[PDB]
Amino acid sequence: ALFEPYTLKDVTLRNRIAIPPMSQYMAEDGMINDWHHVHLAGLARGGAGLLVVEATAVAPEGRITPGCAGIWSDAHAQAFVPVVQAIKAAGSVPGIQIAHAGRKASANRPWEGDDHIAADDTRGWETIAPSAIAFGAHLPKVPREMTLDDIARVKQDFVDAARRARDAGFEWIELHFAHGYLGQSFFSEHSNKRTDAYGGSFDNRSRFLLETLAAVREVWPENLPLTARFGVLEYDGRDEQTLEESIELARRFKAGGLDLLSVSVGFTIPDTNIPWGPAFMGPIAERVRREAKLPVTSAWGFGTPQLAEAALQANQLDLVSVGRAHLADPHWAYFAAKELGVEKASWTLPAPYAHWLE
């Protein structure tokens, strides 16, 4: 099942293996470079059906860190063009995740402290969010409460980013509404304490996300998959109520033209108890898929090829996202094809490799 193709709108993936967005923290002032080119091109040649580029900020302040990729100008977008073209030459579908880190912005690279940047560090910047409340823990900075104009500006930033992504040749877009960043923080009552149209009720908390989706849909081609990543629960002791609301929003996403949902955990606050384990998201993704009638992918521990295969056969997932295993071995799809007994497994790879590995 892992090596059956998948067709969504006009796009066909050669298999069900997706490489999820994985931030590299190697960009400079948002501009990607040869780190990203070789990294992504090498992954595409590894055999995966879909490669989703790391979180790419729609605005400078929406980067997580000083090394995050950005697409907030045409020059930033044009930098993606040769990379997109290399992914395509390798036969993988190029996708990109567009993002805004919200209150989690202005942080250090994970191997450089992983924490909010010190006040007098010239690299740092003010963060913005639905409400002036800090994440806490290693991210204690209190964000600035967004004005209605801020909200309009960020929505337009998402539109501009999607427009650029389209024109750079991406065939698959993913709105980053997960992992506690801006979009996730608008939906969660933990972080959203607004009393205007963007806070309070379920309708109001959903509003930012739904409007951003609608605005993006105006510029993103109908025949190319339009997707999002969304944390559907927090493991914060409110899981049944949170999952119910998240599934309801997924229904609204679908009605608003969303083709597939990448199902994640919220990470909106630090005080949680996540039951980490191989493929632990499987049952959650399946419930979203069933109850919203929407294709899904998810991640965490699917680098064991048999787990990926089991998830697909059980219809918990439509695509299986495999992250860290691809940092370890960019040719993981070849490893998986062998593990699963695929005919001519070496031809998961391009000829100059496949010929010799048969």
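From 1 onward, residues are counted along the sequence shown.
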item: Greater mean Cα temperature factor according to the PDB record, 337-345 or 8-16; value: 337-345
item: Mean temperature factor over C-alpha atoms, higher-scoring stretch between 74-82 and 96-104; value: 74-82
item: Options 227, 212, 264, 201 - largest CA temperature factor per the record; value: 201
item: Candidate residues 189, 167, 174, 259, the one whose C-alpha B factor the record puts highest; value: 189
item: Residue 163, C-alpha B-factor rank within chain (lowest, middle or highest third); value: lowest
item: Chain-wide C-alpha B factor ranking for residue 223, given as lowest, middle or highest third; value: highest
item: Lowest, middle or highest third - CA B-factor, residue 127; value: lowest
item: Chain-relative CA temperature factor third for residue 208; value: middle
item: Lowest, middle or highest third - CA B-factor, residue 135; value: highest
